[PDB]
Amino acid sequence: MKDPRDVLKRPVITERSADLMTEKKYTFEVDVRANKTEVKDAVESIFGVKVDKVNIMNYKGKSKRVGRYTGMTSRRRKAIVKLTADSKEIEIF
Amino acid sequence: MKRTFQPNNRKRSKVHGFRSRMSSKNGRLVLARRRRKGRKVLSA
Amino acid sequence: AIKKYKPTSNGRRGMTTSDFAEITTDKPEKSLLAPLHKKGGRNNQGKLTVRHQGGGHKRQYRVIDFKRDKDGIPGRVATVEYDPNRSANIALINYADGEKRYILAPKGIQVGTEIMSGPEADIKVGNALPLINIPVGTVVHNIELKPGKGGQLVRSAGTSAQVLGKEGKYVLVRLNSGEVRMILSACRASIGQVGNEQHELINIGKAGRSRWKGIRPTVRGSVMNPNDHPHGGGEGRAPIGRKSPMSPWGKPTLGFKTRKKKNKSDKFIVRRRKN
RNA sequence: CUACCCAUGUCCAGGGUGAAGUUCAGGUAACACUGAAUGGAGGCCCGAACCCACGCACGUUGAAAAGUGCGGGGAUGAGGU
RNA sequence: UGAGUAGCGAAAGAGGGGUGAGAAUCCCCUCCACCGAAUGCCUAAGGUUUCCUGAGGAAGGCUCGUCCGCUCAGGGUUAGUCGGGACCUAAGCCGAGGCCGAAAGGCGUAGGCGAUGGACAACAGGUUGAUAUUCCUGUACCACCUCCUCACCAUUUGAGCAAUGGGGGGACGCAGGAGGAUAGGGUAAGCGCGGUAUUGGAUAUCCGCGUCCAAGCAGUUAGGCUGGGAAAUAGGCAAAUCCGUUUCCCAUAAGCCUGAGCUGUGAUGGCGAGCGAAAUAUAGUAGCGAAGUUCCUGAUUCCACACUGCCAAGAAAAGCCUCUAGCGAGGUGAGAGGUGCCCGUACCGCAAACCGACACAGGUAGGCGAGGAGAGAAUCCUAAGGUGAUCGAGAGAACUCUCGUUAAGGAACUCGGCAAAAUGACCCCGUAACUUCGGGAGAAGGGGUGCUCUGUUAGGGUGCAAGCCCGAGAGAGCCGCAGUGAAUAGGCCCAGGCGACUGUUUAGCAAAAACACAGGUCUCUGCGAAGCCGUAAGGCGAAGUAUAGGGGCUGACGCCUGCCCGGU
């Protein structure tokens, strides 16, 4: 702790993930309290493919509703992360 | 014309907010009656 | 001197500003400006305990020896400058130490005059020395009370004092407005009546110069509601009804003496308040 | 919200009136004094943004729990924000 | 119940097609119309997804409704340089110790927080159905550190770091006006269009455009400095080669510090009028892309609170430059090469997304804010842009409101010229009583203006000329009822009462003869203060000192302010 593995959770597969993944940049959610340089700790040590850049957004939650019962989505914090040239990718495959 | 809730993030949170009512002993009685009643929104 | 304004509008029809001949330079010493906050008649609580102050222009204090603790080394008046914190002006002095000190300006001085401040010093206007060495009958200002405290006594523009005749302890002083106080003898004092003598004849003229200074306006006695002020009432412009005129507190303000009767100044007066 | 204060920023389209002060020509013995040009100060003058709230009409279970339409006062200051 | 009644919340749509079961209200196109110193854009206060797509449509939409800011289902905000925190401080707040007080607490030192301030490194394009001085494409810049390379010192007879220590500097008001430059706008050169069917125009005819950074170099309008050097110091807690004080030398500018902007650079880049292919999960984009200059006008910006003047005399600490104390053995510099965090980034921000119970003719900082006429942000009409304001149809009555005409008479109406009508822009003539000598006074009362020509007028600004602009003044002549033909621009003039005046007040009936006001006074107060708020501590008064504060009375100016101390 803080390990590389628990920092990331998933890749986020949207229409944005179609065009960005062909340009050596990849989407990942990160935990709520994990900074930019903890993300470079992951991809170097989990994936072995060296980071070009880390760019981190965060979102607030949409307060959805079901019936009478209204409540708020958990807050999300994604990360567009770029890699070097001459370096592969270790996605779903 | 002008009405009385000219909204502020700062001035609302400083007059009425939390640590302002953990400040004084009379201000914490406001945080006692907000607890023995058992409201959800403790002081706004 | 005092100029007078030609009535170009109705703001001007009485107003006078002084000639500003005594002053030499505008931009003061940067290294003795002390900053100020206009307080506005407020208290340390926050209540406004002084009526009708506030409104003024941005003042900025300049540090003044009202003591002249340093001694013997002659001064050499560089410039005489203007200070919004009081009536009179201030003369900048370059001592031979380099201790550039704003020190209150008596009349008759210009650039270049020697000003010592020892007990050995002269009776040239400006020189300062304790009251034992002062001879009977000189024009003195900047008097203190306790030795070395600071010149609480006389300071304002165009005022002075005397020395009537003294002992070892104390030195009698006919102060301004006639009070003869047995002022202590080793009290440091300085010599001369205070410059800018024509401050009184300055006709203010237009209303807002008392707001420029500033002073908030005052609301009189039979104007406020009979709640708020103990003269007010009537069906408008009623006579000043109740016996013993009365402040906005219940105390008469025609001649009702306000000195403590049991007070330290029962010994320290030979003659008081000629009225 | 509003009354007052304090600290710090910000706003005031345009054009007029012309003083103090100066310079020059004249003037006395020096002053005084007088006229030209220069000069732009002023809770000055007009008038818009802005602020106010005197008329009138309307509206009055209103578009509006205080406004709207024509007009109006202040508009470099004791100013508005 | 009233009652299918009041109301449907200012403000032009119309026509064709399409969608669908259904269309005036949905979409597209084409005509027309409105704001255009706002109804435009950009971004705060706030709001918390209202943004985009794909479906629905019961409910909220003041009516329908295939539609929505409604419902669902997904998608949506990328920052070392932008705002804010790893910087500092203002009023204020909190406050170890401390001081007062039955308690709780009140205040407050050292300290620290707290921008609306000070300091501060990035820019021009592209880009999507959604984000941009973030992604990306080119340049840059900022700080830190060295696995590296070189350059230069010195080895405590010491390179350098040099401070929370000392200085300096940051560092500041308002008014006015030159200059100088840029934004911005418009002719002549050019380059792509084009020759028009309604008379005439291959013709000085028409349409459109005409560019561009931050960093870098180089100098510059111009601004300061008070001049610069040497020498000595009763100072600056301690120190100082720093600053301040004093003595000489040189003073026509040598020397410094700062600059708006110009110029090749930046760029053999990338926009650009327009050509808009393949058809593509038919956005129709990609792609292709000529000239791209001179001239004139020009600020409400900048140089710059710089200059001049005026008084009412105009924030503080660090970033930054120095000088010591102390470190100190390997350091300074250059290039290569690394590191660079947290939050904020969607969308509305004069609105249908906020404050108004409402998608309510209201209220909401600041920065951009064009053309013709014009002084101007006036006012009108238009480009840039945005908008058709979400019940309409069709009669043309009473009556209400909003307006516009009215013959003849004009205040007879009325408490009252309430109200309307009227006057108004420049230029010129001319202008009284009265006065505090400034005014009054835009007093009053009058005359001129449209166009053509003489005439690239006279003469100025600018330019070398060419060329534009800016143009009084006049003579001839034209036409109209009308010449500031429209819109916006004062109605005056006597005589009175009150109040000097500009101002302020009863937010939401009363702006006034009320209050303020300068001036006048009477009085108290010698400073641990008179009065204050405090139970007191503390603080105002005040880094004030009887030419100053507090209290009262009266209210510019002029003439004055007569009599009674019995009462109280």
# chains A, B, ... in the order shown; residues from 1 in each chain; ligands from 1
call {"tool": "closest_atom_pairs", "arguments": {"of": "chain B", "to": "chain E", "cutoff": "9 Å", "atoms": "only C-alpha atoms (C1' of nucleotides)", "output": "tab-separated table"}}
result
residue	atom	partner	partner_atom	distance
B:1	CA	E:363	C1'	4.5
B:2	CA	E:363	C1'	5.1
B:3	CA	E:355	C1'	6.1
B:4	CA	E:355	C1'	7.8
B:5	CA	E:355	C1'	6.6
B:6	CA	E:355	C1'	6.1
B:7	CA	E:46	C1'	6.2
B:8	CA	E:46	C1'	7.3
B:9	CA	E:46	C1'	8.3
B:25	CA	E:104	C1'	7.8
call {"tool": "interface_residues", "arguments": {"of": "chain A", "to": "chain E", "cutoff": "10 Å", "atoms": "only C-alpha atoms (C1' of nucleotides)", "output": "JSON, numbers by chain"}}
result
{"A": [14, 15, 16, 20, 35, 36, 37, 54, 55, 56, 57, 58, 59, 60, 61, 62, 63, 78, 79, 80, 81]}
call {"tool": "write_last_selection", "arguments": {"atoms": "C-alpha atoms", "output": "CSV table (one decimal), in the first residue's frame"}}
result
chain,number,residue,atom,x,y,z
A,14,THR,CA,-17.3,4.7,-24.6
A,15,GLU,CA,-17.3,6.3,-28.0
A,16,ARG,CA,-14.3,8.3,-26.8
A,20,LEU,CA,-8.3,7.7,-28.2
A,35,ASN,CA,-3.3,11.7,-7.7
A,36,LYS,CA,-1.6,12.0,-11.1
A,37,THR,CA,1.8,10.5,-10.1
A,54,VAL,CA,-1.3,11.4,-17.2
A,55,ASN,CA,-4.4,13.6,-17.4
A,56,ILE,CA,-7.0,13.4,-14.7
A,57,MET,CA,-10.6,14.6,-14.7
A,58,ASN,CA,-13.1,14.1,-12.0
A,59,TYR,CA,-16.8,14.0,-12.1
A,60,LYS,CA,-19.6,14.7,-9.7
A,61,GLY,CA,-22.5,12.3,-9.5
A,62,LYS,CA,-25.8,12.6,-11.1
A,63,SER,CA,-28.5,12.6,-8.5
A,78,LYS,CA,-11.1,9.1,-14.7
A,79,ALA,CA,-7.7,9.4,-16.3
A,80,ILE,CA,-6.6,9.7,-19.9
A,81,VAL,CA,-3.1,8.3,-19.8
call {"tool": "select_by_dssp", "arguments": {"residues": "chain B", "states": "alpha helix (DSSP H)", "output": "short mmCIF file (atom, residue, chain, number, x, y, z; two decimals) with N, CA and C atoms, in the first residue's frame"}}
result
data_model
loop_
_atom_site.label_atom_id
_atom_site.label_comp_id
_atom_site.auth_asym_id
_atom_site.auth_seq_id
_atom_site.Cartn_x
_atom_site.Cartn_y
_atom_site.Cartn_z
N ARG B 10 -20.03 31.33 0.35
CA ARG B 10 -19.18 31.64 1.49
C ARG B 10 -19.99 32.09 2.69
N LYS B 11 -20.77 33.18 2.54
CA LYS B 11 -21.42 33.81 3.68
C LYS B 11 -22.49 32.93 4.31
N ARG B 12 -23.06 32.02 3.54
CA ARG B 12 -23.96 31.04 4.14
C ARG B 12 -23.18 30.08 5.00
N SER B 13 -22.05 29.61 4.49
CA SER B 13 -21.28 28.61 5.18
C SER B 13 -20.49 29.18 6.34
N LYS B 14 -20.33 30.49 6.42
CA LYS B 14 -19.56 31.03 7.53
C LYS B 14 -20.45 31.48 8.68
N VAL B 15 -21.61 32.07 8.39
CA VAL B 15 -22.51 32.47 9.46
C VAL B 15 -23.17 31.26 10.07
N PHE B 18 -20.85 24.85 9.98
CA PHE B 18 -20.62 23.87 11.03
C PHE B 18 -19.73 24.41 12.13
N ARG B 19 -18.49 24.78 11.79
CA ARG B 19 -17.52 25.12 12.83
C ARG B 19 -17.90 26.42 13.54
N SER B 20 -18.66 27.27 12.86
CA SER B 20 -19.26 28.43 13.51
C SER B 20 -20.24 28.03 14.61
N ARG B 21 -20.82 26.84 14.52
CA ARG B 21 -21.72 26.37 15.56
C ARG B 21 -21.12 25.29 16.42
N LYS B 25 -20.46 27.92 23.03
CA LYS B 25 -21.22 26.97 23.83
C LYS B 25 -22.72 27.14 23.62
N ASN B 26 -23.18 28.37 23.42
CA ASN B 26 -24.55 28.57 22.98
C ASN B 26 -24.74 28.11 21.56
N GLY B 27 -23.69 28.16 20.74
CA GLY B 27 -23.82 27.65 19.39
C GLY B 27 -23.86 26.15 19.31
N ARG B 28 -23.35 25.45 20.31
CA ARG B 28 -23.40 24.00 20.31
C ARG B 28 -24.72 23.46 20.83
N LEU B 29 -25.47 24.27 21.57
CA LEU B 29 -26.83 23.89 21.92
C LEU B 29 -27.71 23.84 20.69
N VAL B 30 -27.37 24.64 19.68
CA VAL B 30 -27.99 24.51 18.37
C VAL B 30 -27.62 23.16 17.76
N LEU B 31 -26.41 22.68 18.02
CA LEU B 31 -26.06 21.34 17.58
C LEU B 31 -26.42 20.27 18.61
N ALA B 32 -27.18 20.60 19.65
CA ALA B 32 -27.75 19.57 20.51
C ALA B 32 -29.20 19.32 20.15
N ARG B 33 -29.99 20.39 20.04
CA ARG B 33 -31.37 20.32 19.57
C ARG B 33 -31.47 19.91 18.12
N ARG B 34 -30.40 20.00 17.36
CA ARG B 34 -30.40 19.42 16.03
C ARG B 34 -30.04 17.95 16.07
N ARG B 35 -29.63 17.44 17.24
CA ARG B 35 -29.30 16.03 17.41
C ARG B 35 -30.32 15.24 18.23
N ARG B 36 -30.83 15.81 19.33
CA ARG B 36 -31.87 15.11 20.09
C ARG B 36 -33.16 15.02 19.30
#
call {"tool": "atom_distance", "arguments": {"atom1": "CA of residue 24 in chain B", "atom2": "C1' of residue 95 in chain E"}}
result
14.6 Å
call {"tool": "interface_residues", "arguments": {"of": "chain E", "to": "chain C", "cutoff": "8 Å", "atoms": "only C-alpha atoms (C1' of nucleotides)", "output": "VMD selection string"}}
result
chain E and resid 91 234 to 236 244 to 246 312 to 316 438 501 515 to 519 522 to 527 530 532 to 533 538 to 541 543 to 548 551 to 552 568
call {"tool": "decode", "arguments": {"residues": "range 7-24 of chain B", "atoms": "C-alpha atoms", "output": "tab-separated table (two decimals), in the first residue's frame"}}
result
chain	number	residue	atom	x	y	z
B	7	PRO	CA	-27.14	33.46	-2.52
B	8	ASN	CA	-23.64	32.99	-1.20
B	9	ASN	CA	-21.55	29.90	-0.92
B	10	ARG	CA	-19.18	31.64	1.49
B	11	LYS	CA	-21.42	33.81	3.68
B	12	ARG	CA	-23.96	31.04	4.14
B	13	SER	CA	-21.28	28.61	5.18
B	14	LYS	CA	-19.56	31.03	7.53
B	15	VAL	CA	-22.51	32.47	9.46
B	16	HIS	CA	-24.61	29.34	9.68
B	17	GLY	CA	-22.12	26.58	8.92
B	18	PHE	CA	-20.62	23.87	11.03
B	19	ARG	CA	-17.52	25.12	12.83
B	20	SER	CA	-19.26	28.43	13.51
B	21	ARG	CA	-21.72	26.37	15.56
B	22	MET	CA	-19.10	24.20	17.15
B	23	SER	CA	-17.55	27.52	18.12
B	24	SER	CA	-19.62	28.88	20.98
